[PDB]
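*Asks:* Enclosed is the structure file work.pdb (PDB, C-alpha atoms).
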ATOM      1  CA  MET A   1      35.065 -70.918  90.451  1.00  0.00           C
ATOM      2  CA  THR A   2      37.351 -69.138  92.928  1.00  0.00           C
ATOM      3  CA  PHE A   3      36.698 -68.510  96.618  1.00  0.00           C
ATOM      4  CA  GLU A   4      35.579 -64.946  95.918  1.00  0.00           C
ATOM      5  CA  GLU A   5      33.074 -66.213  93.346  1.00  0.00           C
ATOM      6  CA  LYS A   6      31.591 -68.721  95.795  1.00  0.00           C
ATOM      7  CA  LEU A   7      31.314 -66.054  98.492  1.00  0.00           C
ATOM      8  CA  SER A   8      29.711 -63.667  95.987  1.00  0.00           C
ATOM      9  CA  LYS A   9      27.173 -66.216  94.743  1.00  0.00           C
ATOM     10  CA  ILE A  10      26.155 -67.110  98.293  1.00  0.00           C
ATOM     11  CA  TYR A  11      25.977 -63.432  99.305  1.00  0.00           C
ATOM     12  CA  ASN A  12      23.706 -62.638  96.359  1.00  0.00           C
ATOM     13  CA  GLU A  13      21.462 -65.596  97.184  1.00  0.00           C
ATOM     14  CA  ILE A  14      21.265 -64.458 100.820  1.00  0.00           C
ATOM     15  CA  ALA A  15      20.364 -60.876  99.898  1.00  0.00           C
ATOM     16  CA  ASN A  16      17.698 -62.090  97.469  1.00  0.00           C
ATOM     17  CA  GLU A  17      16.266 -64.422 100.122  1.00  0.00           C
ATOM     18  CA  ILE A  18      16.047 -61.795 102.854  1.00  0.00           C
ATOM     19  CA  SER A  19      14.516 -59.376 100.355  1.00  0.00           C
ATOM     20  CA  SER A  20      11.990 -62.058  99.385  1.00  0.00           C
ATOM     21  CA  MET A  21      10.993 -62.547 103.025  1.00  0.00           C
ATOM     22  CA  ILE A  22      10.002 -58.875 103.334  1.00  0.00           C
ATOM     23  CA  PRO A  23       6.639 -58.251 101.593  1.00  0.00           C
ATOM     24  CA  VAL A  24       6.853 -54.446 101.673  1.00  0.00           C
ATOM     25  CA  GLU A  25       9.355 -51.723 100.800  1.00  0.00           C
ATOM     26  CA  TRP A  26      12.328 -51.641 103.166  1.00  0.00           C
ATOM     27  CA  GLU A  27      15.107 -49.125 103.809  1.00  0.00           C
ATOM     28  CA  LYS A  28      17.778 -50.906 105.845  1.00  0.00           C
ATOM     29  CA  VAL A  29      18.322 -54.580 106.684  1.00  0.00           C
ATOM     30  CA  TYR A  30      20.476 -56.000 109.482  1.00  0.00           C
ATOM     31  CA  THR A  31      20.990 -59.766 109.526  1.00  0.00           C
ATOM     32  CA  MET A  32      22.796 -61.814 112.174  1.00  0.00           C
ATOM     33  CA  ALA A  33      23.638 -65.516 112.068  1.00  0.00           C
ATOM     34  CA  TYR A  34      25.110 -67.486 114.966  1.00  0.00           C
ATOM     35  CA  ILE A  35      26.315 -70.887 113.751  1.00  0.00           C
ATOM     36  CA  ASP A  36      28.652 -73.310 115.535  1.00  0.00           C
ATOM     37  CA  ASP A  37      28.897 -77.084 116.025  1.00  0.00           C
ATOM     38  CA  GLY A  38      25.957 -77.003 118.428  1.00  0.00           C
ATOM     39  CA  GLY A  39      23.355 -75.895 115.902  1.00  0.00           C
ATOM     40  CA  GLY A  40      22.581 -72.215 115.450  1.00  0.00           C
ATOM     41  CA  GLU A  41      20.086 -69.536 114.434  1.00  0.00           C
ATOM     42  CA  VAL A  42      19.490 -66.652 112.012  1.00  0.00           C
ATOM     43  CA  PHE A  43      17.520 -63.444 112.578  1.00  0.00           C
ATOM     44  CA  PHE A  44      17.154 -60.022 110.980  1.00  0.00           C
ATOM     45  CA  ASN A  45      15.657 -56.596 111.611  1.00  0.00           C
ATOM     46  CA  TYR A  46      14.485 -54.185 108.923  1.00  0.00           C
ATOM     47  CA  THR A  47      13.588 -50.496 108.826  1.00  0.00           C
ATOM     48  CA  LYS A  48      10.938 -48.783 106.707  1.00  0.00           C
ATOM     49  CA  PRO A  49      11.120 -45.257 105.243  1.00  0.00           C
ATOM     50  CA  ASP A  50      13.778 -45.216 112.187  1.00  0.00           C
ATOM     51  CA  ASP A  51      12.044 -48.101 113.971  1.00  0.00           C
ATOM     52  CA  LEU A  52      13.444 -51.630 113.803  1.00  0.00           C
ATOM     53  CA  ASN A  53      11.090 -54.384 112.670  1.00  0.00           C
ATOM     54  CA  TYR A  54      11.732 -57.949 113.833  1.00  0.00           C
ATOM     55  CA  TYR A  55      11.430 -60.604 111.126  1.00  0.00           C
ATOM     56  CA  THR A  56       9.184 -63.126 112.916  1.00  0.00           C
ATOM     57  CA  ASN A  57       6.565 -60.373 113.163  1.00  0.00           C
ATOM     58  CA  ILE A  58       6.270 -60.255 109.363  1.00  0.00           C
ATOM     59  CA  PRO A  59       3.641 -63.019 109.105  1.00  0.00           C
ATOM     60  CA  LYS A  60       1.624 -61.400 111.910  1.00  0.00           C
ATOM     61  CA  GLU A  61       1.455 -57.954 110.309  1.00  0.00           C
ATOM     62  CA  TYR A  62       1.469 -58.886 106.617  1.00  0.00           C
ATOM     63  CA  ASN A  63      -0.227 -61.337 104.245  1.00  0.00           C
ATOM     64  CA  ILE A  64       2.398 -64.068 104.166  1.00  0.00           C
ATOM     65  CA  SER A  65       1.536 -67.422 105.733  1.00  0.00           C
ATOM     66  CA  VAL A  66       3.552 -68.800 108.645  1.00  0.00           C
ATOM     67  CA  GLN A  67       4.418 -71.871 106.572  1.00  0.00           C
ATOM     68  CA  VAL A  68       5.903 -70.018 103.584  1.00  0.00           C
ATOM     69  CA  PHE A  69       7.782 -67.567 105.808  1.00  0.00           C
ATOM     70  CA  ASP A  70       9.192 -70.428 107.886  1.00  0.00           C
ATOM     71  CA  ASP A  71      10.261 -72.238 104.711  1.00  0.00           C
ATOM     72  CA  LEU A  72      12.121 -69.179 103.416  1.00  0.00           C
ATOM     73  CA  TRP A  73      13.583 -68.776 106.914  1.00  0.00           C
ATOM     74  CA  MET A  74      14.902 -72.348 106.887  1.00  0.00           C
ATOM     75  CA  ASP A  75      16.319 -71.820 103.393  1.00  0.00           C
ATOM     76  CA  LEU A  76      18.117 -68.692 104.609  1.00  0.00           C
ATOM     77  CA  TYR A  77      19.592 -70.610 107.539  1.00  0.00           C
ATOM     78  CA  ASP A  78      20.705 -73.317 105.109  1.00  0.00           C
ATOM     79  CA  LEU A  79      22.396 -70.625 103.025  1.00  0.00           C
ATOM     80  CA  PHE A  80      24.371 -69.343 106.013  1.00  0.00           C
ATOM     81  CA  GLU A  81      25.307 -72.900 107.007  1.00  0.00           C
ATOM     82  CA  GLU A  82      26.553 -73.482 103.460  1.00  0.00           C
ATOM     83  CA  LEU A  83      28.537 -70.263 103.861  1.00  0.00           C
ATOM     84  CA  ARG A  84      30.240 -71.669 106.968  1.00  0.00           C
ATOM     85  CA  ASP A  85      30.830 -75.013 105.249  1.00  0.00           C
ATOM     86  CA  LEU A  86      32.634 -73.036 102.544  1.00  0.00           C
ATOM     87  CA  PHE A  87      35.039 -71.623 105.126  1.00  0.00           C
ATOM     88  CA  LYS A  88      35.596 -75.195 106.279  1.00  0.00           C
ATOM     89  CA  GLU A  89      36.011 -76.375 102.672  1.00  0.00           C
ATOM     90  CA  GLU A  90      38.804 -73.838 102.183  1.00  0.00           C
ATOM     91  CA  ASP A  91      40.791 -74.767 105.319  1.00  0.00           C
ATOM     92  CA  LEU A  92      39.834 -71.537 107.086  1.00  0.00           C
ATOM     93  CA  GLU A  93      38.827 -71.159 110.724  1.00  0.00           C
ATOM     94  CA  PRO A  94      35.016 -71.464 110.662  1.00  0.00           C
ATOM     95  CA  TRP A  95      33.272 -68.300 111.841  1.00  0.00           C
ATOM     96  CA  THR A  96      30.897 -68.444 114.800  1.00  0.00           C
ATOM     97  CA  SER A  97      28.893 -65.357 113.835  1.00  0.00           C
ATOM     98  CA  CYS A  98      28.097 -63.474 110.632  1.00  0.00           C
ATOM     99  CA  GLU A  99      26.728 -59.965 110.155  1.00  0.00           C
ATOM    100  CA  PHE A 100      25.019 -59.333 106.824  1.00  0.00           C
ATOM    101  CA  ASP A 101      23.771 -55.759 106.423  1.00  0.00           C
ATOM    102  CA  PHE A 102      22.444 -53.926 103.366  1.00  0.00           C
ATOM    103  CA  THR A 103      20.427 -50.802 102.557  1.00  0.00           C
ATOM    104  CA  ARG A 104      18.042 -49.610  99.842  1.00  0.00           C
ATOM    105  CA  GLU A 105      20.804 -47.286  98.628  1.00  0.00           C
ATOM    106  CA  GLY A 106      23.225 -50.139  97.983  1.00  0.00           C
ATOM    107  CA  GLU A 107      25.306 -50.012 101.163  1.00  0.00           C
ATOM    108  CA  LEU A 108      26.603 -53.472 102.084  1.00  0.00           C
ATOM    109  CA  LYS A 109      28.606 -55.019 104.916  1.00  0.00           C
ATOM    110  CA  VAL A 110      29.550 -58.642 105.526  1.00  0.00           C
ATOM    111  CA  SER A 111      31.611 -59.372 108.635  1.00  0.00           C
ATOM    112  CA  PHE A 112      32.549 -62.492 110.598  1.00  0.00           C
ATOM    113  CA  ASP A 113      33.401 -63.001 114.268  1.00  0.00           C
ATOM    114  CA  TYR A 114      34.965 -65.984 116.021  1.00  0.00           C
ATOM    115  CA  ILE A 115      33.820 -65.574 119.631  1.00  0.00           C
ATOM    116  CA  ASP A 116      33.671 -68.919 121.431  1.00  0.00           C
ATOM    117  CA  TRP A 117      30.010 -68.612 122.427  1.00  0.00           C
ATOM    118  CA  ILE A 118      29.821 -72.256 123.503  1.00  0.00           C
ATOM    119  CA  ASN A 119      32.291 -71.823 126.380  1.00  0.00           C
ATOM    120  CA  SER A 120      30.588 -68.527 127.236  1.00  0.00           C
ATOM    121  CA  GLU A 121      27.659 -70.724 128.291  1.00  0.00           C
ATOM    122  CA  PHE A 122      25.198 -68.049 127.141  1.00  0.00           C
ATOM    123  CA  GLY A 123      22.048 -68.916 125.192  1.00  0.00           C
ATOM    124  CA  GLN A 124      20.514 -67.459 122.030  1.00  0.00           C
ATOM    125  CA  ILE A 125      18.529 -64.696 123.756  1.00  0.00           C
ATOM    126  CA  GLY A 126      21.628 -63.424 125.542  1.00  0.00           C
ATOM    127  CA  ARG A 127      23.555 -63.392 122.273  1.00  0.00           C
ATOM    128  CA  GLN A 128      20.708 -61.557 120.525  1.00  0.00           C
ATOM    129  CA  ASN A 129      20.293 -58.922 123.246  1.00  0.00           C
ATOM    130  CA  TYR A 130      24.041 -58.367 123.433  1.00  0.00           C
ATOM    131  CA  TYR A 131      24.158 -58.022 119.648  1.00  0.00           C
ATOM    132  CA  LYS A 132      21.320 -55.497 119.710  1.00  0.00           C
ATOM    133  CA  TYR A 133      23.141 -53.530 122.411  1.00  0.00           C
ATOM    134  CA  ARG A 134      26.482 -53.568 120.586  1.00  0.00           C
ATOM    135  CA  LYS A 135      25.353 -52.901 117.016  1.00  0.00           C
ATOM    136  CA  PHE A 136      22.653 -50.390 117.904  1.00  0.00           C
ATOM    137  CA  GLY A 137      21.986 -48.747 121.263  1.00  0.00           C
ATOM    138  CA  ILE A 138      18.953 -50.776 122.284  1.00  0.00           C
ATOM    139  CA  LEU A 139      18.811 -52.361 125.737  1.00  0.00           C
ATOM    140  CA  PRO A 140      16.418 -55.189 126.746  1.00  0.00           C
ATOM    141  CA  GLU A 141      13.080 -54.731 128.523  1.00  0.00           C
ATOM    142  CA  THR A 142      13.735 -56.695 131.736  1.00  0.00           C
ATOM    143  CA  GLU A 143      16.461 -56.416 134.391  1.00  0.00           C
ATOM    144  CA  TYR A 144      17.288 -60.118 134.028  1.00  0.00           C
ATOM    145  CA  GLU A 145      18.119 -59.620 130.352  1.00  0.00           C
ATOM    146  CA  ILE A 146      20.085 -56.415 131.022  1.00  0.00           C
ATOM    147  CA  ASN A 147      22.120 -58.187 133.694  1.00  0.00           C
ATOM    148  CA  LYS A 148      22.820 -60.986 131.224  1.00  0.00           C
ATOM    149  CA  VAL A 149      23.964 -58.379 128.684  1.00  0.00           C
ATOM    150  CA  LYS A 150      26.379 -57.006 131.286  1.00  0.00           C
ATOM    151  CA  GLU A 151      27.626 -60.537 132.019  1.00  0.00           C
ATOM    152  CA  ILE A 152      28.286 -61.150 128.324  1.00  0.00           C
ATOM    153  CA  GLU A 153      29.980 -57.749 128.041  1.00  0.00           C
ATOM    154  CA  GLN A 154      32.346 -58.635 130.880  1.00  0.00           C
ATOM    155  CA  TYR A 155      32.964 -62.101 129.419  1.00  0.00           C
ATOM    156  CA  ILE A 156      33.985 -60.563 126.105  1.00  0.00           C
ATOM    157  CA  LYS A 157      36.164 -57.893 127.716  1.00  0.00           C
ATOM    158  CA  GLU A 158      38.102 -60.731 129.367  1.00  0.00           C
ATOM    159  CA  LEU A 159      38.977 -62.277 125.996  1.00  0.00           C
TER     160      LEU A 159
END
Translate this file's structure into structure tokens.

*Replies:*
Amino acid sequence: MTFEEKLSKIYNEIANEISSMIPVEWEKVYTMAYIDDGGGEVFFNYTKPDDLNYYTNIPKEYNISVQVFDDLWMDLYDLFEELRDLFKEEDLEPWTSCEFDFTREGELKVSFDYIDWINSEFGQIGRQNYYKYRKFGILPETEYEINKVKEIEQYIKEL
């Protein structure tokens, strides 16, 4: 199996997982995974046939138990971590972030970024809010968070 085949297998597994975590019909799906040496996290938003829907709200609104959803969540994270370990296994610079987007109409985008988030000294919420501001046009709901988004913006501009 080549590198492309490994990437493809993992991508397919990821897509199937994320689709399995959504109990209803979805239109667009935006997934983000921040993984470095100091742990990491995975989150995704999904639209319905528009408004973004945050993944951790799925068990609250729909009939899927917290336990099952959290299990599938952990499996997804494990998939992304395996994806990074592949990059390591092929003597490539390990990515620090991965965007995994796909739509109901077959659109697909997988991209990697290598921002040194550790030395940025910003936490997961800052990274998430900044991501939501960059990808979409959504700004946070408190001035503290907004200010942090500006700080991260300026940190990145100075790279």

*Asks:* In Å to one decimal, how far is atom CA of residue A:149 from atom CA of residue A:137?

*Replies:*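 About the pair atom CA of residue A:137 and atom CA of residue A:149: they are 12.3 Å apart.
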
*Asks:* How many Å lie between atom CA of residue A:39 and atom CA of residue A:125, rounded to one decimal?

*Replies:*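 Computed distance, atom CA of residue A:39 to atom CA of residue A:125, equals 14.5 Å.
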
*Asks:* Selected by the PyMOL selection byres ((chain A and resi 111-121) around 7) in the shown coordinates: which residues, as a list in words?

*Replies:*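 Selected by the PyMOL selection byres ((chain A and resi 111-121) around 7) in this file: residues 95, 96, 97, 98, 99, 100, 109, 110, 122 and 123 of chain A.
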
*Asks:* Taking 3 positions as the minimum chain separation for residues in the same chain, which residues sit within 12 Å of residue A:75 when counting all atoms listed in the file? Answer as a PDB file with C-alpha atoms, keeping the file's coordinate frame.

*Replies:*
ATOM      1  CA  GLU A  13      21.462 -65.596  97.184  1.00  0.00           C
ATOM      2  CA  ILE A  14      21.265 -64.458 100.820  1.00  0.00           C
ATOM      3  CA  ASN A  16      17.698 -62.090  97.469  1.00  0.00           C
ATOM      4  CA  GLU A  17      16.266 -64.422 100.122  1.00  0.00           C
ATOM      5  CA  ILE A  18      16.047 -61.795 102.854  1.00  0.00           C
ATOM      6  CA  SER A  20      11.990 -62.058  99.385  1.00  0.00           C
ATOM      7  CA  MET A  21      10.993 -62.547 103.025  1.00  0.00           C
ATOM      8  CA  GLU A  41      20.086 -69.536 114.434  1.00  0.00           C
ATOM      9  CA  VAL A  42      19.490 -66.652 112.012  1.00  0.00           C
ATOM     10  CA  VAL A  68       5.903 -70.018 103.584  1.00  0.00           C
ATOM     11  CA  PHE A  69       7.782 -67.567 105.808  1.00  0.00           C
ATOM     12  CA  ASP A  70       9.192 -70.428 107.886  1.00  0.00           C
ATOM     13  CA  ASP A  71      10.261 -72.238 104.711  1.00  0.00           C
ATOM     14  CA  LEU A  72      12.121 -69.179 103.416  1.00  0.00           C
ATOM     15  CA  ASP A  78      20.705 -73.317 105.109  1.00  0.00           C
ATOM     16  CA  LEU A  79      22.396 -70.625 103.025  1.00  0.00           C
ATOM     17  CA  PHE A  80      24.371 -69.343 106.013  1.00  0.00           C
ATOM     18  CA  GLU A  81      25.307 -72.900 107.007  1.00  0.00           C
ATOM     19  CA  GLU A  82      26.553 -73.482 103.460  1.00  0.00           C
TER      20      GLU A  82
END

*Asks:* What does the PyMOL selection byres ((chain A and resi 43) around 10) select in this file, as a PyMOL selection string?

*Replies:* chain A and resi 18+30-34+41-42+44-45+54-56+73+76-77+128

*Asks:* What does the distance from atom CA of residue A:84 to atom CA of residue A:35 come to in Å, to one decimal?

*Replies:*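 Taking atom CA of residue A:84 and atom CA of residue A:35, their separation equals 7.9 Å.
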
*Asks:* Would you pick out the contacts of residue A:29 at 8 Å or less, using all atoms listed in the file, so that residues sharing its chain but fewer than 3 positions from it are not included, and give the list as a ChimeraX atom specification?

*Replies:* /A:26,44-47,101-103

*Asks:* Evaluating the PyMOL selection byres ((chain A and resi 48) around 10) on the displayed file yields which residues, as number ranges by chain?

*Replies:* A: 24-29, 46-47, 49-53, 104

*Asks:* Closest to residue A:11 among A:159, A:108, A:124, A:143, using all atoms listed in the file?

*Replies:*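 Counting all atoms listed in the file, the residue closest to residue A:11 is A:108.
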